[PDB]
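K.L.:
Got an experimental structure here, sequence first:
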Amino acid sequence: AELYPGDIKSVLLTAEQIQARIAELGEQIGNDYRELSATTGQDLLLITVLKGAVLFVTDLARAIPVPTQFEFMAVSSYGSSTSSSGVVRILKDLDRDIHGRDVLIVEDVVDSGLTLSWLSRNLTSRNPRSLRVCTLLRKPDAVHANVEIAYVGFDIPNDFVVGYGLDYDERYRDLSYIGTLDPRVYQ
Amino acid sequence: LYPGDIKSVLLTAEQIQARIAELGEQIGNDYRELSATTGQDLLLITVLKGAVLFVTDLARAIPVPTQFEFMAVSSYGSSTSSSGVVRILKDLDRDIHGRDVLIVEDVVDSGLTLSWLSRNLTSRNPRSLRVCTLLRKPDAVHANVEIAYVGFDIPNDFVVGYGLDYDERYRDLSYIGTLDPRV
Amino acid sequence: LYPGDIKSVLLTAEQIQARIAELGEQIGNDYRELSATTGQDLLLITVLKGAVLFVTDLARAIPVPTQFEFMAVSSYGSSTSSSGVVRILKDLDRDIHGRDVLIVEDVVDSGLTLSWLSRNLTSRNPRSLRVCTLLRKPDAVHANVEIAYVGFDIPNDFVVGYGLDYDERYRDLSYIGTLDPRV
Amino acid sequence: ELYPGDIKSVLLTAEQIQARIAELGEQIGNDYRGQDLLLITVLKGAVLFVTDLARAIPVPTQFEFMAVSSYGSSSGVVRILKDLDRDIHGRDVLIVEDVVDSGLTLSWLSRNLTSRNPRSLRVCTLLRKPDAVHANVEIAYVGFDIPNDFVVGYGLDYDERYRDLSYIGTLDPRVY
Ligand SMILES: Nc1nc2c(ncn2[C@@H]2CN(C(=O)CCP(=O)(O)O)C[C@H]2OC[C@@H](O)P(=O)(O)O)c(=O)[nH]1
Ligand SMILES: Nc1nc2c(ncn2[C@@H]2CN(C(=O)CCP(=O)(O)O)C[C@H]2OC[C@@H](O)P(=O)(O)O)c(=O)[nH]1
Ligand SMILES: Nc1nc2c(ncn2[C@@H]2CN(C(=O)CCP(=O)(O)O)C[C@H]2OC[C@@H](O)P(=O)(O)O)c(=O)[nH]1
Ligand SMILES: Nc1nc2c(ncn2[C@@H]2CN(C(=O)CCP(=O)(O)O)C[C@H]2OC[C@@H](O)P(=O)(O)O)c(=O)[nH]1
Ligand SMILES: [Mg+2]
Ligand SMILES: [Mg+2]
Ligand SMILES: [Mg+2]
Ligand SMILES: [Mg+2]
């Protein structure tokens, strides 16, 4: 197979290495949310921001030995008004209220941490029982944000990577692995 | 119009416009040094769809330049009618960062959706945030939001007209009154 | 007030209200005996955010009971400008199946987004579907969809006022005029 | 187990699902062998299916998601909570469904996307029920034809639960 002949210069994470780590995260999450959630009577809620972390959440929930529910949000940026925001525009809000719920924010990659900071603070205002963050990838510039990511899959260098949900102009998401683009693509 | 549905007229069309002209004049004076000081005008944020009739008259009563902004929200439970947490179906079109913002309501009853809205918009970091409502019920007088501009203080009866509805009707009324028999 | 922004005034506030007053009676006569026969009211569907100021005056000019509906639409870019296919940010709150619906626009320029919109609402199978716009540009007479009610015929120039904007400004004007290109 | 006493019988096992998706991916890849194949998915039942489907399709695929709500208790007209991010003009579009039962929401959707004038528009569903024979849509790709019983698992839910199941099975009537 191939799909994108030459666009991928180097391979950061292989497909097996990704799935192996996800299996580890599931057991870890499964142990942290064992006892509690199934007795509470309300499952572990997985809130996902469209649409990079869709491939990640489908594998994660099936890696978590505890029953999990899905929830999806669609957000867009208010343009360049990012730097002093970090407020993002909501295109599709939560379907139901998350009051008294154990909620796990599932992202695929955390770079700046500003859209995540607003999202995490936004969900907190809805008063859930628990709120933690699980990301597949974390880049160096996340150390400059104020949010604690309880579950991290991989710490990668500050390079633009695609694959496994990660895109460049809506492409390379269907890749099973995560790698770096070859700069003769940006044109 | 609506024969035999309207029992009494609480507020006439004349009383509404007279107050809005007065309310508009008050707001226009409070936000007078805004064009010359920031240069972004006063933003009127409106929640669909009751206060749509009110803002069109309110903004045209305010002598200083005003901008329009609309939100569409829905109730979850049980959740809203106790928490005040509301669902967003349409967020703001632009960022209100560093803006002088006026939340324009048609009626404030419990004051919790207003509480959630005011707290939500605050996270967007505006320069100033005040609330202007046309009607105010008794339970709102003791809520967690400060309403700088109030049009009328009304008793807690279910009233329709001037944007206020019952099953999407009576919105087009120019006066505000109460329903009676088999409605 | 906008002291150095309005070069010329195309339509005065009196002329605007006069046509709307005429349109309300005209629409009111075309939709006479509708509530008592169907059992439903005339639904006014509005596209945010130009015709929001227009419908509040239009509905209050129509002597028969009317209901409100609002849509928020966005451009895909490139493809809207030449297709007219638009993104939906806010759909109708209720279904319009078997309803007599009046599409209310603020201005009809190309007629491409209106044509797509008309087809979208038609697929929901309403009883009737007509279009009422306050302003119509010369190149809008071109093709597709019947605009049953037109308030004014304006030249194809960019005008602001009475809901019409330039970067969310000049909306609060009671009149419709032309901007000075040094804006 | 995951839900002790809720799953009475297993209709399709996890391995049987992935094996069939592998065939669907291979079949679709040959039919669409100019940009990428656009996979339009309706939130949120078919999210587990499309992620596995796209990784089964040997040709490059792009993702798109819609959120729709029902107006109530006829024509398949649904309220749009989340529209497409981009226009699909001249695009090869594949509608990815989780289950096709009545075929009424799919028909409104298929006709709606057709109005955006794509180059191609096809429908791929994992499961199809017997009453779909009366639908208005031609479904080119079907994973399984299942009986008219209420099934959960692999995206399919009951009060937002059992979505995380890797298999598809039937519920225990002391759940309703
Ligand atoms: N492909 C790809 N994207 C990245 C990367 N890094 C940041 N992105 C996207 C750009 N970005 C930010 O700059 C904000 C980081 P944070 O606020 O911490 O979530 C969010 C990242 O997700 C892109 C979303 O728009 P999407 O899921 O809809 O595609 C990266 O290495 N690779
Ligand atoms: N007709 C009509 N309605 C009222 C009244 N009072 C509260 N409503 C509606 C119910 N309500 C609240 O409970 C909010 C109270 P707060 O805590 O201050 O946010 C606001 C009104 O909701 C109607 C909106 O859905 P709408 O804008 O789409 O019409 C009232 O006198 N008369
Ligand atoms: N201010 C101001 N705008 C104009 C004018 N003319 C076309 N516009 C905007 C561009 N336009 C179209 O191309 C519509 C084509 P049709 O399918 O016939 O409805 C409508 C106007 O768009 C602005 C609305 O989205 P808005 O209400 O959110 O501001 C004009 O004189 N003056
Ligand atoms: N759990 C579970 N659901 C089913 C089943 N069957 C139909 N559903 C849901 C209800 N349904 C239909 O009756 C078919 C309508 P059409 O598109 O015309 O074929 C679509 C199914 O999806 C429900 C969505 O609200 P969801 O994706 O958010 O879960 C079934 O066996 N099991
Ligand atoms: Mg991206
Ligand atoms: Mg109401
Ligand atoms: Mg405009
Ligand atoms: Mg379901």
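P.N.:
In hand now; what should we look at? Numbering: from 1, shown residues only, chains lettered A, B, ... in the order given. Ligands and ions are numbered 1, 2, ... in the order given.
K.L.:
can you pull the contacts of the residue lying closest to residue A:137 once chain neighbours are set aside?
P.N.:
Spatial nearest neighbour of residue A:137, excluding adjacent residues (C-beta to C-beta, 6 or more residues apart in numbering or on different chains): residue A:109 at 4.1 Å. C-betas here are computed from N, CA, C, even on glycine. Applying C-beta atoms under 8 Å, 6 or more residues apart in numbering or on different chains to residue A:109 gives the contacts A:52, A:135, A:136, A:137, A:138, A:139, A:161, A:166.
K.L.:
part of a helix, is residue A:109?
P.N.:
No: going by DSSP: H, G, I helix; E, B strand; the rest coil, the assignment for residue A:109 is strand, not a helix.
K.L.:
which SSE is whatever residue of chain A ends up closest to ligand 1 in?
P.N.:
Closest residue of chain A to ligand 1, C-beta to the nearest ligand atom: residue A:52 (2.8 Å). Following DSSP states H and E, there is no helix or strand that holds residue A:52.
K.L.:
could you check the distance from residue A:6 over to residue A:184?
P.N.:
Between residue A:6 and residue A:184 the computed distance is 9 Å (C-beta to C-beta, to the nearest Å).
K.L.:
ok, residue A:122 - contacts?
P.N.:
Contacts of residue A:122 (C-beta under 8 Å, 6+ apart): residue B:123.
K.L.:
Do a quick rundown of the strands in chain A.
P.N.:
With strands called from DSSP state E, chain A shows them at A:8-13, A:44-49, A:68-76, A:89-92, A:102-110, A:130-138, A:151-155, A:161-162, A:178-181.
K.L.:
quick one: contacts of the second one?
P.N.:
Right, strand A:44-49. Applying C-beta under 8 Å, 6+ apart, the contact partners of strand A:44-49 are A:29, A:33, A:37, A:54, A:57, A:60-61, A:64, A:66-75, A:94, A:98, A:101-107, A:115, A:119, A:123, A:128.
K.L.:
Adjacent strands (with direction) for it?
P.N.:
Here strand A:44-49 is paired, per DSSP bridges, with strand A:68-76 (parallel), strand A:102-110 (parallel).
K.L.:
Now the first one: buried residues?
P.N.:
In other words, strand A:68-76. Buried residues in strand A:68-76, counting neighbours by 16 or more other C-beta atoms under 10 Å in any protein chain shown, are found at A:68, A:69, A:70, A:71, A:72, A:73, A:74, A:75.
K.L.:
Widest-spaced pair of the residues you listed?
P.N.:
Greatest spatial distance among those (C-beta to C-beta): A:68 and A:75, at 21.6 Å.
K.L.:
For chain A, what lies in contact range of ligand 1?
P.N.:
Residues of chain A that fall close to ligand 1, judged by C-beta under 6 Å from any ligand atom: A:51-52, A:109-116, A:160-162, A:166-168.
K.L.:
in chain A, which residue is closest to the centre?
P.N.:
Within chain A, one residue has its C-alpha closest to the average C-alpha position: by C-alpha atoms, centre = their mean, that is residue A:107, at 0.9 Å.
K.L.:
how much space is there between the closest residue to that residue other than its chain neighbours and ligand 4?
P.N.:
Among residues not flanking residue A:107 along the chain, residue A:135 sits closest, at 4.4 Å (C-beta to C-beta, 6+ apart). Distance check for residue A:135 against ligand 4: by C-beta to the nearest ligand atom, to the nearest Å, it reads 26 Å.
K.L.:
cool, residue A:140 as well?
P.N.:
On the measure of C-beta to the nearest ligand atom, residue A:140 and ligand 4 end up 38 Å apart.
K.L.:
who's in contact with that residue?
P.N.:
Contacts of residue A:140 (C-beta under 8 Å, 6+ apart): A:157, A:158.
K.L.:
Could you tell me how many residues sit around residue A:60?
P.N.:
Around residue A:60 there are 25 other residues, counting by other C-beta atoms under 10 Å in any protein chain shown.
K.L.:
With adjacent residues omitted, what lies nearest to it?
P.N.:
Leaving aside its sequence neighbours, residue A:60 sits nearest to residue A:22 (C-beta to C-beta, 6+ apart; 5.7 Å).
K.L.:
Residue A:143: neighbouring residues, count only.
P.N.:
8.
K.L.:
actually residue A:52, not the one I typed
P.N.:
By the criterion of other C-beta under 10 Å, residue A:52 has 20 neighbours.
K.L.:
Looks like it contacts residue A:167 (just checking).
P.N.:
Yes: contact criterion C-beta atoms under 8 Å: residue A:52 and residue A:167 qualify, at 6.6 Å.
K.L.:
any common contacting residues for these two?
P.N.:
Contact with both residue A:52 and residue A:167 is made by residues residue A:173, according to C-beta under 8 Å, 6+ apart.
K.L.:
Residue A:163 contacts residue A:172, correct?
P.N.:
Yes: counting by C-beta under 8 Å, residue A:163 touches residue A:172, with 5.6 Å between them.
K.L.:
Closest to ligand 2 out of the contacts of residue A:109?
P.N.:
Checking the contacts of residue A:109 against ligand 2 by C-beta to the nearest ligand atom gives residue A:52 as the nearest, at 34.7 Å.
K.L.:
residues contacting that closest one?
P.N.:
So residue A:52 contacts A:107, A:108, A:109, A:165, A:166, A:167, A:173 (C-beta under 8 Å, 6+ apart).
K.L.:
Mind doing that once more with 7 Å?
P.N.:
A:108, A:109, A:165, A:166, A:167 (C-beta atoms under 7 Å, 6 or more residues apart in numbering or on different chains).
K.L.:
Endpoints of stretch A:145-160, how far apart?
P.N.:
The straight-line separation of the ends of stretch A:145-160 (C-alpha to C-alpha, to the nearest Å) is 19 Å.
K.L.:
and the angle from the longest helix anywhere in chain A to strand A:68-76?
P.N.:
Looking across chain A with DSSP state H, the single longest helix is helix A:15-32. Helix A:15-32 and strand A:68-76 meet at an angle of 120 degrees, taking axes from the mean of the first three to the mean of the last three C-alpha atoms, to 10 degrees as the criterion.
K.L.:
Show me what helix A:15-32 is packed against.
P.N.:
Applying 3 or more C-beta pairs under 7 Å, 6 or more residues apart in numbering or on different chains; DSSP states H and E, we find helix A:15-32 packed against helix A:54-61, strand A:151-155.
K.L.:
Kindly compare burial across those and name the winner.
P.N.:
Ranked by mean neighbour count, the helices and strands packed on helix A:15-32 are led by helix A:54-61 with a mean of 25 (mean count of other C-beta atoms under 10 Å in any protein chain shown).
K.L.:
Now do it: distance to the chain's middle.
P.N.:
Helix A:54-61 sits 9 Å away from the centroid of its parent chain (C-alpha atoms, centre = their mean, to the nearest Å).
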